[PDB]
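S.K.: Provided herewith is a single structure, encoded as structure tokens, for subsequent inquiry.
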Amino acid sequence: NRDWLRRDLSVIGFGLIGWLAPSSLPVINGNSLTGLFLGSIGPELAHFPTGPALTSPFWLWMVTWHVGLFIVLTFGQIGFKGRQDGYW
């Protein structure tokens, strides 16, 4: 009991650089300026005092950047515990 998910506080660090080092590179596909400051442009542009974003370009990047964060920063959770346990 009380250890259903151990912390091991480097997967939150390696998953942090797992969505800044391979996610902030500029690409020629789609003429993107950067992979994530266009995704961080939502706080730069759509941030309003109690008047929030409605019918906006923020909702897409965020819904990808978090989905990439919930597919890479959780992939080290398998990856570090797969080294710790007898998995491969």
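Naming scheme: A, B, ... for chains in displayed order of the structure tokens; residues 1 onward per chain; ligands 1 onward as shown.
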Mind the document's chain letters and residue numbers, and return as a PyMOL selection string the residues of chain A that DSSP labels alpha helix (DSSP H).
M.R.: chain A and resi 11-17+41-45+58-72+75-84
S.K.: Okay, now the selection with N, CA, C and O atoms, as a short mmCIF file (atom, residue, chain, number, x, y, z; two decimals), in the first residue's frame?
M.R.:
```cif
data_model
loop_
_atom_site.label_atom_id
_atom_site.label_comp_id
_atom_site.auth_asym_id
_atom_site.auth_seq_id
_atom_site.Cartn_x
_atom_site.Cartn_y
_atom_site.Cartn_z
N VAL A 11 11.93 11.36 -13.93
CA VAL A 11 11.01 11.20 -15.06
C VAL A 11 10.21 12.48 -15.29
O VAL A 11 9.89 12.83 -16.43
N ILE A 12 9.93 13.24 -14.22
CA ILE A 12 9.31 14.55 -14.37
C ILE A 12 10.34 15.56 -14.88
O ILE A 12 9.97 16.59 -15.46
N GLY A 13 11.63 15.26 -14.74
CA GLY A 13 12.69 16.09 -15.28
C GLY A 13 13.10 15.66 -16.68
O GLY A 13 13.31 16.51 -17.55
N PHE A 14 13.24 14.35 -16.90
CA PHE A 14 13.58 13.86 -18.23
C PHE A 14 12.39 13.98 -19.18
O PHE A 14 12.58 14.16 -20.39
N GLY A 15 11.17 13.86 -18.66
CA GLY A 15 10.00 14.16 -19.48
C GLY A 15 9.82 15.64 -19.72
O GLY A 15 9.15 16.02 -20.69
N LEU A 16 10.38 16.49 -18.86
CA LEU A 16 10.40 17.93 -19.11
C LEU A 16 11.31 18.25 -20.29
O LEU A 16 10.89 18.92 -21.24
N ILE A 17 12.53 17.70 -20.30
CA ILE A 17 13.39 17.90 -21.46
C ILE A 17 13.02 16.97 -22.61
O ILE A 17 13.57 17.11 -23.71
N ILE A 41 2.19 30.70 -27.55
CA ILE A 41 1.63 32.00 -27.92
C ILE A 41 0.21 32.21 -27.42
O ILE A 41 -0.29 33.34 -27.46
N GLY A 42 -0.46 31.14 -26.98
CA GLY A 42 -1.76 31.24 -26.34
C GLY A 42 -1.78 32.05 -25.06
O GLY A 42 -2.64 32.92 -24.88
N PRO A 43 -0.86 31.78 -24.12
CA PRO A 43 -0.64 32.73 -23.02
C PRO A 43 -0.13 34.10 -23.47
O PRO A 43 -0.35 35.09 -22.76
N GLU A 44 0.56 34.18 -24.61
CA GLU A 44 1.04 35.47 -25.08
C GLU A 44 -0.07 36.31 -25.71
O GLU A 44 0.00 37.55 -25.65
N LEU A 45 -1.09 35.68 -26.29
CA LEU A 45 -2.11 36.42 -27.02
C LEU A 45 -3.50 36.27 -26.43
O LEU A 45 -4.19 37.27 -26.22
N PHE A 58 -5.74 28.94 -29.92
CA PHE A 58 -5.02 28.35 -28.79
C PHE A 58 -5.37 26.88 -28.58
O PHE A 58 -4.45 26.06 -28.41
N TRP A 59 -6.66 26.51 -28.51
CA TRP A 59 -7.13 25.13 -28.24
C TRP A 59 -6.49 23.99 -29.04
O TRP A 59 -6.68 22.83 -28.66
N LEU A 60 -5.77 24.24 -30.13
CA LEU A 60 -5.27 23.13 -30.92
C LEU A 60 -3.87 22.79 -30.47
O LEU A 60 -3.58 21.59 -30.33
N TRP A 61 -2.98 23.79 -30.44
CA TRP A 61 -1.58 23.59 -30.08
C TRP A 61 -1.51 22.90 -28.72
O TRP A 61 -0.78 21.92 -28.54
N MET A 62 -2.19 23.51 -27.72
CA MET A 62 -2.34 22.99 -26.36
C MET A 62 -2.79 21.53 -26.37
O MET A 62 -2.29 20.71 -25.59
N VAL A 63 -3.75 21.18 -27.25
CA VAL A 63 -4.32 19.83 -27.29
C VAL A 63 -3.38 18.84 -27.96
O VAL A 63 -3.66 17.64 -27.96
N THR A 64 -2.28 19.33 -28.52
CA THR A 64 -1.20 18.55 -29.09
C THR A 64 0.00 18.55 -28.15
O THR A 64 0.62 17.50 -27.95
N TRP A 65 0.37 19.74 -27.64
CA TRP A 65 1.53 19.87 -26.77
C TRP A 65 1.34 19.08 -25.48
O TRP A 65 2.30 18.53 -24.94
N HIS A 66 0.10 19.02 -24.97
CA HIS A 66 -0.19 18.22 -23.78
C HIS A 66 -0.30 16.75 -24.12
O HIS A 66 0.08 15.90 -23.31
N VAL A 67 -0.83 16.44 -25.31
CA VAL A 67 -0.92 15.06 -25.78
C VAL A 67 0.47 14.51 -26.06
O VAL A 67 0.74 13.33 -25.83
N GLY A 68 1.37 15.35 -26.57
CA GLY A 68 2.76 14.96 -26.68
C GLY A 68 3.44 14.88 -25.33
O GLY A 68 4.37 14.09 -25.14
N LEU A 69 2.99 15.69 -24.37
CA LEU A 69 3.53 15.59 -23.02
C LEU A 69 2.99 14.37 -22.30
O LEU A 69 3.70 13.74 -21.51
N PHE A 70 1.74 13.99 -22.57
CA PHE A 70 1.16 12.78 -22.01
C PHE A 70 1.41 11.55 -22.89
O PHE A 70 0.65 10.58 -22.80
N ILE A 71 2.42 11.59 -23.75
CA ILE A 71 2.85 10.41 -24.49
C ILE A 71 4.36 10.24 -24.42
O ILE A 71 4.89 9.18 -24.77
N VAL A 72 5.08 11.27 -23.96
CA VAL A 72 6.53 11.21 -23.82
C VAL A 72 6.97 11.29 -22.36
O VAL A 72 7.79 10.49 -21.91
N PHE A 75 6.09 8.21 -21.11
CA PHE A 75 6.80 7.09 -21.72
C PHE A 75 8.06 6.75 -20.94
O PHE A 75 8.53 5.61 -20.98
N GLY A 76 8.63 7.73 -20.23
CA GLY A 76 9.71 7.44 -19.31
C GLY A 76 9.26 6.76 -18.04
O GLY A 76 10.08 6.14 -17.35
N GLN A 77 7.97 6.87 -17.70
CA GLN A 77 7.43 6.15 -16.55
C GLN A 77 7.42 4.65 -16.80
O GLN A 77 7.73 3.87 -15.89
N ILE A 78 7.05 4.23 -18.01
CA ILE A 78 7.30 2.86 -18.43
C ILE A 78 8.81 2.61 -18.54
O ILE A 78 9.31 1.58 -18.08
N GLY A 79 9.54 3.57 -19.12
CA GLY A 79 10.94 3.35 -19.45
C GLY A 79 11.86 3.22 -18.25
O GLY A 79 12.78 2.39 -18.25
N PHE A 80 11.63 4.03 -17.21
CA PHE A 80 12.47 3.90 -16.02
C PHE A 80 12.06 2.71 -15.16
O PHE A 80 12.93 2.03 -14.61
N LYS A 81 10.76 2.44 -15.02
CA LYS A 81 10.36 1.28 -14.24
C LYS A 81 10.54 -0.02 -15.01
O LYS A 81 10.62 -1.08 -14.39
N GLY A 82 10.61 0.04 -16.34
CA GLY A 82 10.95 -1.15 -17.11
C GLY A 82 12.39 -1.56 -16.94
O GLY A 82 12.73 -2.73 -17.09
N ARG A 83 13.27 -0.59 -16.64
CA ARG A 83 14.64 -0.92 -16.26
C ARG A 83 14.69 -1.42 -14.82
O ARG A 83 15.49 -2.30 -14.49
N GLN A 84 13.84 -0.87 -13.95
CA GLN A 84 13.86 -1.25 -12.54
C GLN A 84 13.26 -2.64 -12.33
O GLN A 84 13.78 -3.43 -11.54
#
```
S.K.: One decimal, in Å: what's the spacing between atom CA of residue 36 of chain A and atom CA of residue 73 of chain A?
M.R.: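 Those two atoms sit 15.7 Å apart.
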S.K.: Would you mind telling me which residue in A:5, A:20, A:54, A:28 lies nearest to residue 40 of chain A when using only C-alpha atoms?
M.R.: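 Closest candidate: A:20.
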S.K.: If you measure from atom CA of residue 19 of chain A to atom CA of residue 38 of chain A, what distance in Å do you get, rounded to one decimal?
M.R.: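 For atom CA of residue 19 of chain A relative to atom CA of residue 38 of chain A, the distance reads 14.1 Å.
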S.K.: Using only C-alpha atoms for the distances, tell me which of A:47, A:35, A:3, A:74 is nearest to residue 18 of chain A.
M.R.: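 Looking at the shortest contact to residue 18 of chain A, the residue is A:74.
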S.K.: What is the atom CA of residue 22 of chain A to atom CA of residue 10 of chain A distance in Å?
M.R.: 17.3 Å
